[PDB]
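Undergrad: The structure under discussion is supplied below as C-alpha cells; questions concerning it will follow.
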Amino acid sequence: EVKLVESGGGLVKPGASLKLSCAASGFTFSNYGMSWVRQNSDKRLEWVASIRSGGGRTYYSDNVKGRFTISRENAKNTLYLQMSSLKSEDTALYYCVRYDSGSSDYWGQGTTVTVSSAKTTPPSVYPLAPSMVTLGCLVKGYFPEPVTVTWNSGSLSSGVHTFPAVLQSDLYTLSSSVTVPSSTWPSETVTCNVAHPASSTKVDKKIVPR
Amino acid sequence: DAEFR
Amino acid sequence: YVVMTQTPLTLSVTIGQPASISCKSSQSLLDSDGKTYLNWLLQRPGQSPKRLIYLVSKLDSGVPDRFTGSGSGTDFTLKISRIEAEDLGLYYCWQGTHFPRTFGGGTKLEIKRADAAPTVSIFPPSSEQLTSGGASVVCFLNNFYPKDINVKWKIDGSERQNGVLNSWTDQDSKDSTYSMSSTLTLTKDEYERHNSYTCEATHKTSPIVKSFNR
Ligand SMILES: [Cl-]
Ligand SMILES: [Cl-]
Ligand SMILES: [Cl-]
Ligand SMILES: [Cl-]
Ligand SMILES: [Cl-]
Ligand SMILES: [Cl-]
Ligand SMILES: [Cl-]
Ligand SMILES: [Cl-]
Ligand SMILES: [Cl-]
Ligand SMILES: [Cl-]
Ligand SMILES: [Cl-]
Ligand SMILES: [Zn+2]
Ligand SMILES: [Zn+2]
Ligand SMILES: [Zn+2]
Ligand SMILES: [Zn+2]
Ligand SMILES: [Zn+2]
Ligand SMILES: [Zn+2]
Ligand SMILES: [Zn+2]
Ligand SMILES: [Zn+2]
Ligand SMILES: [Zn+2]
Ligand SMILES: [Zn+2]
Ligand SMILES: [Zn+2]
Ligand SMILES: [Zn+2]
Ligand SMILES: [Zn+2]
Ligand SMILES: [Zn+2]
Ligand SMILES: [Zn+2]
Ligand SMILES: [Zn+2]
Ligand SMILES: [Zn+2]
Ligand SMILES: [Zn+2]
Ligand SMILES: [Zn+2]
Ligand SMILES: [Zn+2]
Ligand SMILES: [Zn+2]
Ligand SMILES: [Zn+2]
Ligand SMILES: [Zn+2]
Ligand SMILES: [Zn+2]
Ligand SMILES: [Zn+2]
Ligand SMILES: [Zn+2]
C-alpha cells in the first residue's frame with residue numbers, strides 16, 4: 001500500500017516558522033519525485049513546491065518562493081516543507097503528493113496549518129442527552145482546527161454525524177450526533193471522545209440520562 | 001507536474 | 001500560467017443517469033513529446049483526493065469503466081455514463097504540461113434524490129456549560145434532502161435570530177442525504193429568564209418542530 005502521512009501542522013504566528021514532514025511507505029521513496037499541494041477553505045487546490053527523486057532540484061510557486069524550502073531525507077523516507085515568514089494567506093490543508101504515468105498519483109491525508117495571532121485553547125466538551133435515540137456532543141471554544149470526534153473510542157460509527165467546525169472570534173465550535181437503538185441506551189453506555197492535537201488534549205464525556 | 005519532466 | 005476553467009461549478013444528477021464535466025485550459029496541453037498531460041481527480045467527503053484519469057483518457061487502476069475521459073488541445077471532458085452514489089464529491093482536472101501545474105476550481109457532484117424531511121432532536125444546555133455562564137441549545141436535523149433547509153428558533157413564541165450557528169455535513173453516500181446542526185447560544189442569565197425553546201425546520205409547508213420547557 002502506498003501511504004503518505006503528513007505531520008507537524010498546527011498554529012503558527014504571522015512571520016514565524018513551521019516545518020512539515022511527510023513519512024512515506026509502501027514504495028521505494030528515493031525513486032519518486034514528491035510535491036506539496038495545499039487546499040484552501042474554498043476548496044481551491046494550489047501547488048506549493050516539488051522536489052525530484054535525487055533531491056537535486058527543487059521547484060516553488062511564486063507565492064512561496066524565497067520563503068519555503070522543500071527537502072527530503074531518502075534514508076528516512078521523509079519529505080519536508082520548511083516554511084518561514086508565514087502569512088495569513090498560507091493558512092490551508094497541506095498535502096504530501098507523489099509524482100509518477102506523467103502525473104501526481106498518491107495524495108496523503110493532509111496536515112492543517114493555521115497562521116494566526118490567537119492563542120491555542122483546548123475544547124470544552126458538553127454531553128447532550130435526550131425506537132432510535134439520538135445523543136450528542138457539543139465541542140466548544142477551541143483553537144486552532146482540527147479536533148477529531150469518535151464515539152466509544154471509535155466502536156460506534158454507523159449512526160454518527162459530525163458537523164464541520166464553525167469559527168466565531170478565533171474560537172471554533174463543532175458538534176456530533178450519534179443514533180443508537182433506544183432499548184440499548186442507557187444500558188449500553190455511549191461516550192464521546194474528543195482529541196485536540198494543538199493543545200495535546202483529549203476529553204471523554206459519557207452521555208448520561210438527565 | 002511539468003517540472004519533473 | 002495556464003488557467004484551468006472547469007464547469008459546471010455544481011452538478012446534481014440522479015443515480016443511473018449520465019454526468020458530464022468540462023475542463024478548458026488557456027493554452028494547449030499537448031506537450032512537445034506528443035503526450036497530453038491532462039488529469040482528473042476525485043475527492044470524496046472525508047477522504048484524500050484520488051486520481052481517476054491521467055493522460056486525458058487513461059483510467060487509474062480500479063476505476064470502473066463508466067468513467068471516461070476525452071478531449072484534446074484545450075477542451076476536455078469527464079463523462080460518467082451511469083452515476084452511482086459512491087461517485088459524489090469534488091472533481092478536479094489539473095494539467096501537468098506547463099509550469100507551474102494548475103488545477104481547475106473543482107466541480108461538486110451531488111446525488112439527486114427525492115426530498116426527505118429531517119429527523120429533529122433538540123437538547124437543552126448541559127449543566128456543565130451552565131456553570132461557566134453559557135447556554136447553548138442544540139438542534140440536530142438528521143438525514144434530509146435537499147441541503148438547503150431552513151432552521152427557525154423561537155424563545156417563548158418569538159423568533160430569535162442572533163447567536164445561531166449552523167453547520168452542514170457533506171452528502172452521505174449511504175442514502176444521499178445531508179444532516180446539519182443548529183446551535184442557539186445564549187448566556188445562562190438570559191436562558192434562565194425564559195421558559196419555552198423551539199427549533200423548527202422546513203425547506204419552504206408546515207415545519208418539523210421540536211420544543212422543550214425549561
Ligand atoms: Cl522554482
Ligand atoms: Cl470510550
Ligand atoms: Cl490529541
Ligand atoms: Cl498530541
Ligand atoms: Cl473514555
Ligand atoms: Cl464534497
Ligand atoms: Cl422534505
Ligand atoms: Cl417557543
Ligand atoms: Cl433573551
Ligand atoms: Cl432576557
Ligand atoms: Cl422539511
Ligand atoms: Zn463549493
Ligand atoms: Zn492560494
Ligand atoms: Zn523556478
Ligand atoms: Zn503560482
Ligand atoms: Zn513564476
Ligand atoms: Zn495535524
Ligand atoms: Zn469539561
Ligand atoms: Zn472509553
Ligand atoms: Zn483567525
Ligand atoms: Zn494527541
Ligand atoms: Zn481519554
Ligand atoms: Zn523525475
Ligand atoms: Zn514537455
Ligand atoms: Zn466536500
Ligand atoms: Zn474511488
Ligand atoms: Zn458499479
Ligand atoms: Zn509552457
Ligand atoms: Zn423539493
Ligand atoms: Zn445521515
Ligand atoms: Zn413557545
Ligand atoms: Zn448518515
Ligand atoms: Zn437514510
Ligand atoms: Zn430574554
Ligand atoms: Zn413556525
Ligand atoms: Zn422538506
Ligand atoms: Zn427535558
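Following the order of the C-alpha cells, first chain is A, next is B, and so on, with residues numbered from 1 inside each chain and ligands from 1 in the order they appear.
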Report as a list in words which protein, DNA and RNA residues come within 6 Å of ligand 17, using only C-alpha atoms and all ligand atoms.

TA: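 Checking only C-alpha atoms and all ligand atoms against ligand 17 at 6 Å gives residues 7, 9, 111 and 112 of chain A.
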
Undergrad: Which polymer residues have any atom within 7 Å of an atom of residue 147 of chain C, counting only C-alpha atoms, with same-chain residues fewer than 2 positions away left out, as a PyMOL selection string?

TA: chain C and resi 145+149+178

Undergrad: Got a sec: who's within 12 Å of residue 134 of chain A, counting only C-alpha atoms, leaving out chain neighbours fewer than 2 positions off, as a ChimeraX atom specification?

TA: /A:127-132,136-137,159-161,176-182,184-186,190,207 /C:119-123,139-142

Undergrad: Just to be explicit: take each residue in the selection above, keep C-alpha atoms, and write the result as an mmCIF file, in the first residue's frame.

TA:
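That gives us again.cif:
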data_model
loop_
_atom_site.group_PDB
_atom_site.id
_atom_site.type_symbol
_atom_site.label_atom_id
_atom_site.label_comp_id
_atom_site.auth_asym_id
_atom_site.auth_seq_id
_atom_site.Cartn_x
_atom_site.Cartn_y
_atom_site.Cartn_z
ATOM 1 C CA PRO A 127 -22.602 15.808 26.593
ATOM 2 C CA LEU A 128 -26.108 16.139 25.082
ATOM 3 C CA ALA A 129 -28.648 13.715 26.496
ATOM 4 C CA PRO A 130 -32.331 13.334 25.339
ATOM 5 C CA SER A 131 -37.221 3.338 18.721
ATOM 6 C CA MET A 132 -33.945 5.061 17.912
ATOM 7 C CA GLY A 136 -24.922 14.424 21.148
ATOM 8 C CA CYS A 137 -21.629 16.099 21.970
ATOM 9 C CA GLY A 159 -25.061 6.161 13.456
ATOM 10 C CA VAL A 160 -22.586 9.054 13.669
ATOM 11 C CA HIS A 161 -22.832 12.505 12.085
ATOM 12 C CA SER A 176 -21.544 15.482 16.728
ATOM 13 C CA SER A 177 -24.586 13.259 16.997
ATOM 14 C CA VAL A 178 -24.932 9.502 17.293
ATOM 15 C CA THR A 179 -28.122 7.495 16.956
ATOM 16 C CA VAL A 180 -28.479 4.094 18.634
ATOM 17 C CA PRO A 181 -31.490 1.823 19.344
ATOM 18 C CA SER A 182 -33.348 3.163 22.395
ATOM 19 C CA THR A 184 -29.727 -0.310 24.283
ATOM 20 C CA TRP A 185 -29.429 3.034 25.933
ATOM 21 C CA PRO A 186 -28.653 3.838 28.587
ATOM 22 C CA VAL A 190 -22.158 5.799 24.973
ATOM 23 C CA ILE A 207 -23.648 10.698 27.837
ATOM 24 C CA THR C 119 -35.468 13.813 11.948
ATOM 25 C CA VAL C 120 -35.142 16.597 14.507
ATOM 26 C CA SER C 121 -33.707 16.318 18.020
ATOM 27 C CA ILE C 122 -33.464 19.186 20.495
ATOM 28 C CA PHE C 123 -31.124 19.369 23.503
ATOM 29 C CA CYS C 139 -30.948 21.088 17.400
ATOM 30 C CA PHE C 140 -29.814 18.241 15.138
ATOM 31 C CA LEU C 141 -31.560 17.848 11.783
ATOM 32 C CA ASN C 142 -30.595 14.405 10.535
#

Undergrad: Within 8 Å of ligand 28 (counting only C-alpha atoms and all ligand atoms), which residues show up? I'd like them as a PyMOL selection string.

TA: chain C and resi 1-2+97-99

Undergrad: Ligand 16: which residues are within 9 Å, counting only C-alpha atoms and all ligand atoms, as a ChimeraX atom specification?

TA: /A:60-63,65 /C:1,99-100

Undergrad: What does the distance between atom 1 (Cl, counted along the ligand's line) of ligand 10 and atom CA of residue 126 of chain C come to in Å, to one decimal place?

TA: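 If I compute the distance from atom 1 (Cl, counted along the ligand's line) of ligand 10 to atom CA of residue 126 of chain C, I get 19.2 Å.
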
Undergrad: Please identify the residues whose atoms come within 7 Å of ligand 21, using only C-alpha atoms and all ligand atoms, and report them as an mmCIF file with N, CA, C and O atoms, in the first residue's frame.

TA:
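Done, and the output landed in part-v1.cif:
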data_model
loop_
_atom_site.group_PDB
_atom_site.id
_atom_site.type_symbol
_atom_site.label_atom_id
_atom_site.label_comp_id
_atom_site.auth_asym_id
_atom_site.auth_seq_id
_atom_site.Cartn_x
_atom_site.Cartn_y
_atom_site.Cartn_z
ATOM 1 N N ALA A 195 -10.435 14.727 20.574
ATOM 2 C CA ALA A 195 -8.986 14.907 20.650
ATOM 3 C C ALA A 195 -8.637 16.234 19.996
ATOM 4 O O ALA A 195 -9.161 16.544 18.942
ATOM 5 N N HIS A 196 -7.751 17.005 20.626
ATOM 6 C CA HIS A 196 -7.310 18.281 20.086
ATOM 7 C C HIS A 196 -5.775 18.325 20.087
ATOM 8 O O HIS A 196 -5.158 18.687 21.090
ATOM 9 N N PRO A 197 -5.144 17.910 18.976
ATOM 10 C CA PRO A 197 -3.672 17.810 18.948
ATOM 11 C C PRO A 197 -2.968 19.123 19.257
ATOM 12 O O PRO A 197 -1.921 19.109 19.908
ATOM 13 N N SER A 200 -2.687 19.303 22.632
ATOM 14 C CA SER A 200 -2.283 17.984 23.119
ATOM 15 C C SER A 200 -3.215 17.504 24.242
ATOM 16 O O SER A 200 -2.766 17.085 25.308
ATOM 17 N N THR A 201 -4.519 17.586 23.979
ATOM 18 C CA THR A 201 -5.545 17.309 24.977
ATOM 19 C C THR A 201 -6.610 16.403 24.373
ATOM 20 O O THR A 201 -7.013 16.598 23.225
ATOM 21 N N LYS A 202 -7.052 15.411 25.136
ATOM 22 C CA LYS A 202 -8.258 14.648 24.794
ATOM 23 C C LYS A 202 -9.212 14.702 25.965
ATOM 24 O O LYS A 202 -8.776 14.773 27.109
#

Undergrad: Sorted by chain and rising residue number, list the residues of chain A at most 10 Å from ligand 19 (counting only C-alpha atoms and all ligand atoms), each with its closest atom pair and distance in Å to one decimal, as a tab-separated table.

TA:
residue	atom	partner	partner_atom_place_in_ligand_line	distance
A:151	CA	ligand 19	1 (Zn)	8.5
A:152	CA	ligand 19	1 (Zn)	5.6
A:153	CA	ligand 19	1 (Zn)	5.9
A:154	CA	ligand 19	1 (Zn)	9.5
A:155	CA	ligand 19	1 (Zn)	9.8
A:189	CA	ligand 19	1 (Zn)	9.4
A:190	CA	ligand 19	1 (Zn)	8.6
A:191	CA	ligand 19	1 (Zn)	6.4
A:192	CA	ligand 19	1 (Zn)	8.2
A:193	CA	ligand 19	1 (Zn)	7.6
A:203	CA	ligand 19	1 (Zn)	10.0
A:204	CA	ligand 19	1 (Zn)	6.8
A:205	CA	ligand 19	1 (Zn)	8.5
A:206	CA	ligand 19	1 (Zn)	8.1

Undergrad: Could you list the residues in chain C lying within 12 Å of chain B, using only C-alpha atoms, and format the result as a VMD selection string?

TA: chain C and resid 2 29 to 33 35 to 39 54 94 to 103

Undergrad: Between C:176, C:196, C:107, C:26, which is the closest to chain A once you count only C-alpha atoms?

TA: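 Using only C-alpha atoms, chain A sits closest to C:107.
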
Undergrad: When the cut-off is 6 Å and you count only C-alpha atoms and all ligand atoms, which residues lie near ligand 11, shown as a list in words?

TA: residues 117, 201, 202 and 203 of chain C

Undergrad: Could you list, with a cut-off of 8 Å and counting only C-alpha atoms and all ligand atoms, the residues of chain C near ligand 9, each shown with its nearest atom pair and the distance in Å rounded to one decimal, rows sorted by chain and ascending number, as CSV?

TA:
residue,atom,partner,partner_atom_place_in_ligand_line,distance
C:155,CA,ligand 9,1 (Cl),7.7
C:186,CA,ligand 9,1 (Cl),7.2
C:190,CA,ligand 9,1 (Cl),4.6
C:191,CA,ligand 9,1 (Cl),6.5
C:193,CA,ligand 9,1 (Cl),7.3
C:194,CA,ligand 9,1 (Cl),7.2

Undergrad: Identify which of the residues A:149, A:156, A:48, A:16 lies closest to chain C, counting only C-alpha atoms when measuring atom-to-atom distances.

TA: A:48

Undergrad: Can you pull out every residue with an atom within 9 Å of ligand 33? Use only C-alpha atoms and all ligand atoms and format it as an NGL selection string.

TA: :C and (116 or 142-144 or 172 or 174-177)

Undergrad: Should the cut-off be 10 Å, what would the residue list for chain A against chain C look like, counting only C-alpha atoms, as a PyMOL selection string?

TA: chain A and resi 42-49+59-62+95+97+101-110+124-130+133-138+140+161-168+173-177+179+210

Undergrad: Can those selected residues be exported to a file as a short mmCIF file (atom, residue, chain, number, x, y, z; two decimals), in the first residue's frame so that it contains C-alpha atoms?

TA:
data_model
loop_
_atom_site.label_atom_id
_atom_site.label_comp_id
_atom_site.auth_asym_id
_atom_site.auth_seq_id
_atom_site.Cartn_x
_atom_site.Cartn_y
_atom_site.Cartn_z
CA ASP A 42 -12.99 27.42 -0.73
CA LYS A 43 -11.60 24.01 -1.77
CA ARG A 44 -9.19 25.57 -4.25
CA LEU A 45 -6.15 23.40 -4.91
CA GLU A 46 -2.78 25.13 -5.23
CA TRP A 47 0.63 23.61 -5.97
CA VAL A 48 3.28 24.71 -3.48
CA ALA A 49 6.64 23.02 -4.14
CA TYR A 59 10.61 23.99 -7.56
CA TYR A 60 8.42 26.62 -5.88
CA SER A 61 5.32 28.59 -6.80
CA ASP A 62 5.79 32.36 -6.96
CA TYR A 95 -0.98 17.53 1.24
CA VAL A 97 1.75 14.15 -3.05
CA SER A 101 2.31 7.93 -15.91
CA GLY A 102 3.44 11.55 -16.13
CA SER A 103 1.39 12.78 -13.18
CA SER A 104 0.86 13.04 -9.45
CA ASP A 105 -0.79 9.86 -8.18
CA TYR A 106 -0.97 9.29 -4.43
CA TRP A 107 -2.04 12.03 -2.00
CA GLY A 108 -1.57 11.99 1.75
CA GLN A 109 -4.25 12.77 4.33
CA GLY A 110 -3.07 16.37 4.77
CA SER A 124 -14.92 22.41 26.30
CA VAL A 125 -16.90 19.23 25.70
CA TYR A 126 -20.55 19.05 26.69
CA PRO A 127 -22.60 15.81 26.59
CA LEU A 128 -26.11 16.14 25.08
CA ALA A 129 -28.65 13.71 26.50
CA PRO A 130 -32.33 13.33 25.34
CA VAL A 133 -32.47 7.63 20.25
CA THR A 134 -30.13 10.42 19.20
CA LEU A 135 -27.34 11.54 21.59
CA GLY A 136 -24.92 14.42 21.15
CA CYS A 137 -21.63 16.10 21.97
CA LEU A 138 -21.07 19.87 21.84
CA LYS A 140 -16.93 24.47 22.13
CA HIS A 161 -22.83 12.51 12.08
CA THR A 162 -20.06 15.00 12.90
CA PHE A 163 -20.63 18.58 11.82
CA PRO A 164 -17.75 20.72 10.47
CA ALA A 165 -16.47 23.34 12.88
CA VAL A 166 -17.65 26.92 12.59
CA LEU A 167 -15.37 29.82 13.55
CA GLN A 168 -16.51 32.71 15.72
CA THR A 173 -17.39 25.22 17.80
CA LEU A 174 -18.44 21.84 16.47
CA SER A 175 -20.99 19.17 17.38
CA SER A 176 -21.54 15.48 16.73
CA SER A 177 -24.59 13.26 17.00
CA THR A 179 -28.12 7.49 16.96
CA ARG A 210 -30.83 13.76 32.63
#

Undergrad: Enumerate as a CSV table (one decimal) with C-alpha atoms, in the first residue's frame the residues belonging to chain A that approach chain B to within 10 Å, with only C-alpha atoms taken into account.

TA:
chain,number,residue,atom,x,y,z
A,32,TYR,CA,9.9,9.2,-6.9
A,33,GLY,CA,9.5,12.9,-7.2
A,34,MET,CA,7.4,14.5,-4.5
A,35,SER,CA,5.3,17.6,-4.1
A,47,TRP,CA,0.6,23.6,-6.0
A,50,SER,CA,8.2,20.0,-5.8
A,51,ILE,CA,11.4,18.1,-5.4
A,52,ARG,CA,12.9,15.5,-7.8
A,53,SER,CA,13.8,12.0,-6.7
A,57,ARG,CA,16.2,20.0,-8.0
A,58,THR,CA,13.5,21.9,-6.2
A,59,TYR,CA,10.6,24.0,-7.6
A,99,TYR,CA,4.8,12.1,-8.6
A,100,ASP,CA,4.8,9.1,-11.0
A,102,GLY,CA,3.4,11.5,-16.1
A,103,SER,CA,1.4,12.8,-13.2
A,104,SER,CA,0.9,13.0,-9.5
